[PDB]
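This document starts with one chain, in the form deposited in one PDB entry, laid out as structure tokens.
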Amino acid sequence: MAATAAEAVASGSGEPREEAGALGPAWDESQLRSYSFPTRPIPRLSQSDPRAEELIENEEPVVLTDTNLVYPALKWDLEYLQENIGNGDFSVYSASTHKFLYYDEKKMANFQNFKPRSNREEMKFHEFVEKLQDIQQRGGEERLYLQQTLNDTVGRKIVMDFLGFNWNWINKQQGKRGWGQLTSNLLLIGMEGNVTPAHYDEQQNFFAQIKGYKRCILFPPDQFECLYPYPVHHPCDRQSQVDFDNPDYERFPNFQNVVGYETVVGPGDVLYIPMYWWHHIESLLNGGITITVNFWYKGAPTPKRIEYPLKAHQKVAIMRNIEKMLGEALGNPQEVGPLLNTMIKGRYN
């Protein structure tokens, strides 16, 4: 029965992997939040597996289990980083809810009726750690999520760890895919339960898990119609307007058709998040703090002769450009919507 046959391939992250030396289940289902949509698993392969190379060349997610990409960082933890990360400033987001929706500040100018559910604040690593402890011991509920690009200002031992990354492997990946340069490395440290809502990036991403576990739920670019991203000029550009915890099927009917790809990554796993793929990321409930470092690369330059039909991500690119052009022409982003409706109502719908 196809219905049942399907209810089966809709595993999710699957049965929890077992830790070496019989240290028990890495994590368990009750640590995962519950959503309204189905999900099949992202393949977990070895970098030496020809399949893994296949998925990447073909822009599909895959978790590489043995890259040693950030092997030297697997020793990182709060104590170690405070002693060696530097006296530099670290962007730290604070929020009331478990949801840390990203917002673009340079865009906060066009939409003033927008109020951030989470606020940013610069800190010295020890401050973040301090504030983390107050909350921790005082049993508070304020959630924090440090997210900072690793810059010229980190300490000596961190720079050392950095040099020990597996540049041989990734550089070859950058080379074989024609990608552009590495644009940055984002360091993320969050509290258990922290959620990064579904959104997509215009960067190729190698997501290297370091400490703790993270459940990653991705959606292919062709599910744009089911995820309803905010307007291109809105601060939450690229983020989904749908609240996965309380989805509004009236406003977002096609979210009822969404199908995800998930997996739980841990210390040493590297998840390839292809450019334009939506991803929702959550730190397992009661799993402790999580540490991750990503590698963002500019995508490869678009082929000179366009081949048809277009790939989903090229249509998404086209839609974004229309919204931007219209923004410039009308001289005001607020008017994009009204003109678009006028263009389709009774004509294309």
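Each residue number is its position in the shown sequence, starting from 1.
Below, we refer to the form solved in complex with a partner chain, which is not included among the displayed structures.
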{"property": "Close approach of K211 to its partner chain in the entry with it bound, 4.5 Å, heavy atom", "result": "no"}
{"property": "Close approach of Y102 to its partner chain in the entry with it bound, 4.5 Å, heavy atom", "result": "yes"}
{"property": "Touches its partner chain in the entry with it bound: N194 (any heavy atom, 4.5 Å)", "result": "no"}
{"property": "Heavy atom of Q173 within 4.5 Å of its partner chain in the entry with it bound", "result": "no"}
{"property": "Interface residue in the entry with it bound among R138, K75, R117, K106, criterion: non-hydrogen atom within 4.5 angstroms of its partner chain", "result": "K106"}
{"property": "Answer option from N286, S48, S30, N321, heavy atom within 4.5 Å of its partner chain in the entry with it bound", "result": "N321"}
{"property": "Region of this chain that lies against its partner chain in the entry with it bound, out of 37-45, 301-309, 22-30, 61-69 [heavy atom, 4.5 Å]", "result": "301-309"}
